[PDB]
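In: below is the sequence, then the experimental coordinates.
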Amino acid sequence: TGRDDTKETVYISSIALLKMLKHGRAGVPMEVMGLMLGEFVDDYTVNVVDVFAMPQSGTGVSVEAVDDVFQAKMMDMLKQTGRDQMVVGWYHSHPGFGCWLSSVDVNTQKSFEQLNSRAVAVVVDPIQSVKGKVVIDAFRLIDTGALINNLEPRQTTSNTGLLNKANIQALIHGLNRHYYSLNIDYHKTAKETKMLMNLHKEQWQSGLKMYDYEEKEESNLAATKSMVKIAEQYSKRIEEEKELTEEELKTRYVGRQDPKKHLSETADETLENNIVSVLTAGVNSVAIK
Amino acid sequence: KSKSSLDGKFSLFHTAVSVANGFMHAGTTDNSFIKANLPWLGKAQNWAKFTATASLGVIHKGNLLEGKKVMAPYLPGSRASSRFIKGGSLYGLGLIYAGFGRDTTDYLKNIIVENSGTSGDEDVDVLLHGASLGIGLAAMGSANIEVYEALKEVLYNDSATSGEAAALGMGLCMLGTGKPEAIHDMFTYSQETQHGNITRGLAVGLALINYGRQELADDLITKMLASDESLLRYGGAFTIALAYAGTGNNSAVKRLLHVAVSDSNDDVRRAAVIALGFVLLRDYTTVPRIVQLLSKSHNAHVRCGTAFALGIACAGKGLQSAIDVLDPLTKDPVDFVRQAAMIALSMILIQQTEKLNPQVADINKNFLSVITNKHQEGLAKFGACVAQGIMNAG
Amino acid sequence: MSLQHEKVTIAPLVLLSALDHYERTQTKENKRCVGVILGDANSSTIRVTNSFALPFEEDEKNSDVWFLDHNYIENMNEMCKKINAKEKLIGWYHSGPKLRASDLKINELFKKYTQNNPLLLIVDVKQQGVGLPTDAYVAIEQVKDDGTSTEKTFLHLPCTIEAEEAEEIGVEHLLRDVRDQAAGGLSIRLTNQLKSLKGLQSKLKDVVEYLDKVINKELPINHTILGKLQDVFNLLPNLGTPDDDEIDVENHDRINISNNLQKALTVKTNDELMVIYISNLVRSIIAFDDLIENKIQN
Amino acid sequence: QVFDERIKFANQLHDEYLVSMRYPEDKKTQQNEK
């Protein structure tokens, strides 16, 4: 009827996100799956608190993999922890392809839609991802009656939506036919953030720790003496500096293998090391005595 | 030409033409086109229909004689096709009756106090959405506190759909009071509510309510930008915009450059750049200098916000400096950078002859090219369409 | 059982997860949660892969009284192995905030399941310190003569971490930060050094007040501790020693190398200045001529 | 003490260079050129 049928923006929490990465990378290249527990609010805000994982089966994600025995047993235990909730979709991984549902996954999805009408399938590709930001897309089936009569604009209302074009026409068509990709956003807490952030309990020790001293002497001689040799090469470099066009010099007489860059690198690397060394030793001496 | 290229079945392609049609015929009756191309109007559905029925009131801004009569079929209680017609009818009624709206306020209120107790199906939700946009318009600037309380009950009754409308609705009614009571409730309830749309409403609402406050608004701004939520920071930006409106300020600019650089959430980055436009309409030739630097920024959001700043800023007489900033941006590949640019161009060069300056002519031609091309994506097509209708103010 | 516990590395997921579990059971107000820690061990390196909550009831009155449903742990576990054989029951997490002697009763029950000494992982949920709020303790049983005959005790082991590659890209993807625990560049390491000092200062304070309590509130004298403080003072550096002179000489070499490195870099910058300037001299000649031609074109 | 003077003189020369380098290049870039 008037039902907007606004497609799900998936607010996947920070905890859910890490768990799925972990599950998926280990199964590489076979497809891994398990279900998403959550709550659905509004008409488009599906909040995924957490996921639980299905044992990997030989079938590469299929309706068969949905086993009623495993499910009952896992859910009854989560009841005791109060961590039982509604099934708001299923995750899976295509790790050997870019994000998109094939036919087999479409049947998997179809059984999911009867279960729950706003079931999503969120494809985590966790290695081929063209961006540093893990390329993840969310899909939901859209029924053929609605598509043919071009009710598809009606499904995209109240969502800016998200652009997935890397397979051009094919990609677009597939996406539409499946469901339509929507923004994935991360709800994190500042309790969670702080935990991730600290990652070194031996900070207090290690900065007062100074390296055994036989190694410092050794290093300083190496560094000076080595720069004598890259200075000879420096001299060669500036014999030239006459060819027309800086770029032409780099091609014609093979100006790369650039002494300038190695002396600058080396000098700075050694410089900072010595700043810390003088500071640490000097601090220790006074604090402790 | 716009009608022929752009098809009715798509919600978006219908919206563009319809708002733009209203603009062309704005300030006086003329539904002749609407009648000829009536089949086209009907193909709309969902929120695009809500737009179409609201567009009648754009056309009919002013006219109070036929004001109620013409919207009379479409009003709820009377036959209608759908729930959207019924909701947007109250919204269009308020446009027409705006600025003498004392009467309509009496009418529309009855429907809000009706539905505040309980709400049924979706039909009532879309009705009540439309009702709260209506009241805002009819009561604008009247700052009636008995109305403020009613609206508040729409939020607690918690149909998610009507929640967006009520939030905006408050700020339109209450403009400028900075009523200390209101500010506290709205801030607490944004945390508590989880539905995106209600929070998005109140964020803007907290900004609107402190207007003309200036240095007394100083308190509101700091707290909103300091929140973890991206949503309250989005409203945060505009707290600066509305309170310090109309007077250049050294304080106001600095806070805003800082926000646009220091915050990663991309919507907020756009919102602070927009904000600059309003504050500096006092010396409008300073706007081209302020945003010159930020237009370099490669964050796309910052860029779309740059266009809008000048749009707001130079809205009377055209300024040559402003146009140089926007000429690279008409050509940017990012789809909504272009949309804000073209839109922005029409609001500056409104009511300027094409004979006195050749550049206004060229800019009209450019819009028409985008529209014919199908190589172009729809979001530019919408941006072009909306722009022409502002220029020719119908 | 095993001595193989000599380092503990913990996945970022374990630390994250335990903290979440604490509030999804709603145990708060100084109520413990115990959950099972699943992962690899039987190795010097312990790698805690994951964790799961266990139903838990805490009673403050008697610390002889507690609920832990035994049969639950074991069922839940065996399904987890079929997904991944990597996970074994390697112990249990405790929510802190502190070591207890009431942790020992819980310890015994879990030791039936285990083939290694259970790891007792204290994820403190008060999130204190500039370091991790996570201490690692493995139950050692050692024969010791101090009146007692055989002691069983919980011994600190250091904390470090390790992260899988996929999990690591996910951590940076969340953070807008470029991180500062990195021990990265020259800026970062100076920062860490200042942190290291502020860190030390606190630890020493806590020692001072322990001694106080023994001489004013009559905690029974524990000899072992004082023995160690005695050495701390015996192996203390001292001034007036020719040791100090050596360090001073050493310091002279290190300034000599800095001085030379800095001067090398003055050359490098001078070389840049000139280079860019040839490029400008060319640009002016071009610019004179271009202008002249533009006059013709106009 | 001897080295303190050496180092402080050196650092001052890097600062002078930075400030001077950018200025010329702006002037020619504004001017018409290929």
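Out: Good, I have the coordinates. Numbers count the residues shown, from 1 in each chain, chains lettered A, B, ... in the order given.
In: so out of everything in the stretch 101-250 of chain C, what residue is nearest chain D?
Out: residue C:248 (12.9 Å; Cβ to the nearest Cβ). Using the backbone N, CA and C atoms, a C-beta is placed for each residue, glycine as well.
In: how close does that residue sit to chain B?
Out: Per Cβ to the nearest Cβ, to the nearest Å, residue C:248 is found 46 Å from chain B.
In: domain ranges for chain A?
Out: Domain segmentation of chain A under CATH domains of a matching chain yields A:7-186, A:212-289.
In: any chance of those in TSV, plus mean neighbour count and distance to residue B:370?
Out: What follows is these, written out as TSV (neighbours: other Cβ atoms under 10 Å in any protein chain shown; distance: least, Cβ to Cβ, whole Å):
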stretch	mean neighbour count	distance to residue B:370
domain A:7-186	18	19
domain A:212-289	13	39
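In: let's have those in CSV, adding distance to residue C:268.
Out: As requested, the domains of chain A are exported to CSV (distance: least, Cβ to Cβ, whole Å):
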stretch, distance to residue C:268
domain A:7-186, 33
domain A:212-289, 5
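In: so which residues on chain D come close to chain C?
Out: With Cβ under 8 Å from any Cβ of the partner chain as the criterion, chain D comes near chain C at residues D:3, D:6-7, D:10-11, D:13-14, D:17-18, D:20-21, D:24-25, D:28-29, D:31-34.
In: just the buried residues out of these, in PyMOL syntax.
Out: Only the buried entries of those go into this PyMOL selection, using 16 or more other Cβ atoms under 10 Å in any protein chain shown:
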select buried, chain D and resi 21+24+28+33
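In: next up, phi/psi of residue 33, please.
Out: Going with chain A. With angles defined as degrees, to the nearest 10, residue A:33 sits at phi -160, psi 170.
In: so what's the nearest residue to it once chain neighbours are set aside up against?
Out: Leaving aside its chain neighbours, residue A:33 sits nearest to residue A:92 (4.2 Å; criterion: Cβ to Cβ, 6 or more residues apart in numbering or on different chains). Going by Cβ atoms under 8 Å, 6 or more residues apart in numbering or on different chains, residue A:92 touches A:31-33, A:61, A:105, A:108, A:121-124.
In: any idea which of these is the one closest to chain C?
Out: The closest of those to chain C turns out to be residue A:32 (Cβ to the nearest Cβ; 8.8 Å).
In: where's that closest one relative to residue A:87, distance?
Out: In this view, residue A:32 and residue A:87 are 18 Å apart by Cβ to Cβ, to the nearest Å.
In: do residue A:72 as well
Out: Per Cβ to Cβ, residue A:72 is found 13 Å from residue A:87.
In: would you mark the buried spots in stretch B:289-308?
Out: B:290-291, B:294-295, B:297, B:299-308.
In: show me which of those neighbour chain D.
Out: Applying Cβ under 8 Å from any Cβ to the buried residues of stretch B:289-308, none is adjacent to chain D.
In: spatially, which two of these are the most separated?
Out: B:290 and B:300 (19.0 Å; Cβ to Cβ).
In: show me the strands in the stretch 101-250 of chain A, by range?
Out: Along the stretch 101-250 of chain A, the stretches classed as strands by DSSP state E, counting those that start in this stretch are A:120-124, A:136-139, A:184-187.
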